[PDB]
């Protein structure tokens, strides 16, 4: 049963994000963020015209969140901090004590209940005052991000020892690649999304160096980043289809991980070269991909204590090019599809492909020299229901695959937090797609959290530290 047992030091828990759960969007001095703006001004972008104005009301109900974490037996709770709740103006001139108090209250409640906090600094909720300067495409945000992080380390770092600078910049950069999509819903594909990535990488590096310089000696924690990546399986066994899948990994994960996690640093060569060529062919004087200087390459490489991975699904990749000119997908040189045979979820993008998780973990091991990997998200959507057999099976299969990666393949996976502790505001999908292991009644002002079967099974896994016999192959 070795392949079915978690390593003794491995950390298990669950995850949320601030805008998705907190509500209290303008309470007690909190400033507006880009998701307040999107859901208020553009309800036509969101299923049901839903907003995060209340969500799970975790601003008021944080003790209930801790209660269900304790019931689950979580060792770690991954949550994010709302930048505009702490710094309502985005800049560090005004610190909102109500926000400081709130996160201290949550942290202290967690620790009093034997649960370790893991904090994501940025999970998509940029202060609107900073978006008004251009947001992530404007490199001035890297210093603003450093200053935000300093406030977080100063106030919380005596008790928080696990930090993620950013969550899914591959996703939030896409808020600069569509007029109707992710906040801030700006249509600069192939140009502004790359600028956003560039700023984020710079920001991440500044935050890491800040920790080294101002906090690490006293606080003794670890700083990483959470990167999402889909497995990309060759549509056929050809060398050409394999090349396309390598392109996919480099254009999705490598975009962020090559600058940070390799000895060489910088963007992947294929990313630089394909965008350079495409830009020239379209008549641009300058490549659409921003450049790092040698000094910047050296500053950015090595800025990590672990790699956070968000894993959900797989795609099929074949040789070719598609998408609009200009765009990151077109630049990436792969044609992406889904296999009809893969089980479905309530989310168009998410098919159940558990073996893809093991393949991805091996790809990461080989590319980045087996970094410590913390799975910061993994989970499954349905439309509702407590007898969530699909979710149960998603978890048991993904955990089995991860355990094979650890035990059979030697991948240094160090922790895992299920997405999500409870049903929450699923971005443009509103409350229509359910990812929780706890259900939440969004028509009940008290927002009760109630366990699904998946919460019961995960509790059993966390308690026994193994995959139960009935779920084994």
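Numbering follows the first chain given and starts at 1.
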query	finding
Between the two ranges 384-392 and 183-191, the one averaging a larger CA B factor in the entry	384-392
112-120 or 301-309, whichever carries the higher mean Cα B-factor	112-120
Identity of residue with top Cα B-factor, from 125, 360, 218, 331	218
Highest recorded Cα temperature factor - choice among 235, 269, 210, 129	235
Entry-reported Cα temperature factor of residue 25, expressed as the chain third it lands in	middle
Modelled-residue ranking by C-alpha temperature factor, third containing residue 427	lowest
Third of the chain's Cα B-factor distribution that residue 34 belongs to, per the entry	lowest
Third of the chain, ranked by Cα B-factor, where residue 290 sits	lowest
Cα B factor band for residue 169 (lowest, middle or highest third within the chain)	lowest
